[PDB]
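Read the single chain below, which is given as structure tokens and is the form deposited without the named molecule.
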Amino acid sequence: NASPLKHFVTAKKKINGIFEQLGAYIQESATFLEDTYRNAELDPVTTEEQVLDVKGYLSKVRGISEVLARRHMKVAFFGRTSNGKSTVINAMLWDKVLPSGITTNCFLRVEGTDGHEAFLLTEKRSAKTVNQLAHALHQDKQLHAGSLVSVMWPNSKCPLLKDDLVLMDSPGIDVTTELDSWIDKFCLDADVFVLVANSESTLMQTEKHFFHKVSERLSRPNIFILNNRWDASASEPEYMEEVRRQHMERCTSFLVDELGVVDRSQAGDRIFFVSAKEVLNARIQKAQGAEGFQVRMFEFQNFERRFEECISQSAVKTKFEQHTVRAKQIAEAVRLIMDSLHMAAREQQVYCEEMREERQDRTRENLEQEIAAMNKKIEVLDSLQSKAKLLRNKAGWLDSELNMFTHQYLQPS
């Protein structure tokens, strides 16, 4: 079975698809309206506000097309540098992607590219090897913790990237580090937050404050707790069993009671005990070619899965909700303009028919000349009712199509 990120990858494809259909619908509607308004052999059935309103809708819809086709999922990692925040990301990308061991104090952003080698962004600085990446960051005195650097990584290497996932590494938390600017400047668009901690120590207060600010400011943030450095339990399995259950009770109370972001039932799908160092080494080994190993190796793969389910579900609902509602209300406006035009063309066709009845009450010279002109005009109006009624009904299709999307991908879960 396939990665849960396909849920996001597909829904973006559909919502991108609907907006292409909607753009073509307005383009055609704008064409039909403006040419109807321009024909000066009919009493006005449309006004120039309607034509311009629709031309505005055409521009707006093309504007939303650009932003939608760029939507992506975002996961941010926080914590102390020593707890392995950086190896965790490396483990999920199956590579040493971020400088680790002994790291720079700024925000890092990992996104994929179709090109087959790597570069930096703050221009297009090269970074072929991880030692190269550490130095480009080392030389540049100008960067700082509030700056944002993007690692643009080949997505043929990592399927996470191909599926429109962005990974963001935050600077290592310390006791007086000012996290206060962090959420508004960088994490407002983030779908899941990962606290990478250490199993046997209690969370820093500064860690806790940052994740409470996220709880207050954001709309149901999805918070995972990663307890790293857990390979110590290879040699003291009996003790670490006692310690796991104690820390599991700590993190749950933090998540369920202190923060309120998950009730007790889901808490186990949000708190994990793993060793990213082990997972990293193993996956390095696998591409090229201790005790309790498989159990810890399986927990990381399970956490990876539980995270990809969460991010894909939540990201779709958050990046597309407003754009679906906008499309539905644009389709409604264009549908009423055609509806107004269909009824005005009808009301004028009635007028012309009486004037044809009246003409046949008058003189005989040029009767059929004169009744041809009126019969020509009546046919245009009748044909206008046709195309307008068609344009009305397909706006309902768009309405039916977008409502299907809300039902499938925007239900409150």
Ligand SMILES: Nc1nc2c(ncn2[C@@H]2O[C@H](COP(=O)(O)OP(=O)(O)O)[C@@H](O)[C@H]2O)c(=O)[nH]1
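Numbering starts at 1 and runs along the sequence shown. Here the rigid core means the biggest group of C-alpha atoms that line up within 1.5 Å when the two forms are laid on top of each other.
Item checked: Unmodelled deposited residues flanked by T122 on one side and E123 on the other -> Count of unmodelled residues in between: 4 to 9.
Notebook entry, point to check: What is the count, as a class, of unmodelled deposited residues between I102 and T103: none, 1 to 3, 4 to 9, or 10 or more?
Noted result: Gap between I102 and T103: 1 to 3 residues without coordinates.
Checklist line | Mean C-alpha B-factor comparison - 36-44 and 379-387, higher one | finding: Per the deposited B-factors, the answer is 36-44.
Next item on the list: Using only the Cα atoms and their B-factors as the entry lists them, report which of 231-239 and 86-94 averages higher.
Entry: The deposited B-factors put 231-239 ahead on the C-alpha mean.
Note to self: Quiz for you: based on the deposited Cα B-factor, which of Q313, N281, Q301, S147 is highest?
What the structure shows: Comparing C-alpha B-factors across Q313, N281, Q301, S147, the maximum falls on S147.
Checklist line | Candidate set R220, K162, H209, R250 [ranked by C-alpha B-factor, highest] | finding: In the PDB entry, the greatest C-alpha B-factor among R220, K162, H209, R250 is found at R220.
Next item on the list: Can you work out whether the C-alpha temperature factor of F320 puts it in the lowest, middle or highest third of the chain?
Entry: Within its chain, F320 is a lowest-third residue by C-alpha B-factor, going by the deposited values.
Item checked: Chain third (lowest, middle, highest) by recorded CA B-factor, residue given as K213 -> Within its chain, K213 is a middle-third residue by C-alpha B-factor, going by the deposited values.
Notebook entry, point to check: Of the three thirds of its chain by CA temperature factor, lowest, middle or highest, which one includes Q205?
Noted result: Tercile = highest for this residue's CA B-factor.
Next item on the list: Tell me, lowest, middle or highest third: where does the Cα B factor of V54 rank within its chain?
Entry: Within its chain, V54 is a lowest-third residue by C-alpha B-factor, going by the deposited values.
Next item on the list: Would you please rank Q329 by its C-alpha temperature factor against the other modelled residues of its chain and give the third it falls in: lowest, middle or highest?
Entry: Its C-alpha B-factor belongs to the lowest third of this chain's values.
What comes next is about the form deposited with the named molecule bound, which is not displayed.
Notebook entry, point to check: Say the named molecule is put on the shown chain the way it sits in the entry with it bound, by superposing the C-alphas near its site; is the site then open or blocked (3+ ligand atoms within 2.4 Å of backbone or C-beta)?
Noted result: The site is blocked here, because the named molecule, transferred from its pose in the entry with it bound, has 3 or more atoms within 2.4 Å of backbone or C-beta atoms.
Note to self: Taking the named molecule in the entry with it bound, would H7, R71 and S312 all count as contacting it (heavy atom within 4.5 Å)?
What the structure shows: None of them does, since no heavy atom lies within 4.5 Å of the partner.
Checklist line | One stretch from 315-323, 134-142, 184-192, 270-278 that, in the entry with it bound, holds residues within 4.5 Å of the named molecule by heavy atom | finding: That would be 270-278.
Next item on the list: Tell me, yes or no, whether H342 is in contact with the named molecule in the entry with it bound, where a contact means a heavy atom of each within 4.5 Å.
Entry: Flag for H342 set to no.
Notebook entry, point to check: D163 near the named molecule in the entry with it bound, any heavy atom under 4.5 Å?
Noted result: No, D163 is distant from the partner.
Checklist line | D231, heavy atom within 4.5 angstroms of the named molecule in the entry with it bound | finding: Yes, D231 is a contact residue.
Next item on the list: Consider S201 of the chain shown here, and say whether it contacts the named molecule in the entry with it bound, taking contact as heavy atoms within 4.5 Å.
Entry: Output for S201 is no: heavy atoms all beyond 4.5 Å of the named molecule.
Next item on the list: With the named molecule left out of view, choose which of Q205, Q294, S82, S265 has a non-hydrogen atom within 4.5 angstroms of it in the entry with it bound.
Entry: Looking at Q205, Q294, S82, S265 one by one, just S82 meets the 4.5 Å heavy-atom criterion.
Item checked: Partner-contacting position among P237, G260, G101, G115 - heavy atom within 4.5 Å of the named molecule in the entry with it bound -> After the contact test, the surviving option is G101.
Next item on the list: Overlay on the rigid core first, then point out the one of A234, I284, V256, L336 whose CA is displaced 2 Å or more between this form and the one not shown.
Entry: After core superposition, the single residue displaced by 2 Å or more is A234.
Note to self: How about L188 - superposed on the rigid core, does its CA move between this form and the one not shown by 2 Å or more?
What the structure shows: No, its C-alpha moves less than 2 Å.
Next item on the list: Determine, after fitting the two forms on their core, whether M355 shows a C-alpha shift of 2 Å or more between this form and the one not shown.
Entry: Shift of 2 Å or more: yes.
Note to self: Tell me whether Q266 is among the residues that move between this form and the one not shown (Cα shift of 2 angstroms or more, core superposed).
What the structure shows: Shift at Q266: below 2 Å after core fit.
Next item on the list: Compare the CA separation of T176 and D184 in the entry with it bound with the one in the displayed structure, and answer closer or farther (the difference is at least 3 Å).
Entry: Their C-alpha distance shrinks by at least 3 Å in the entry with it bound.
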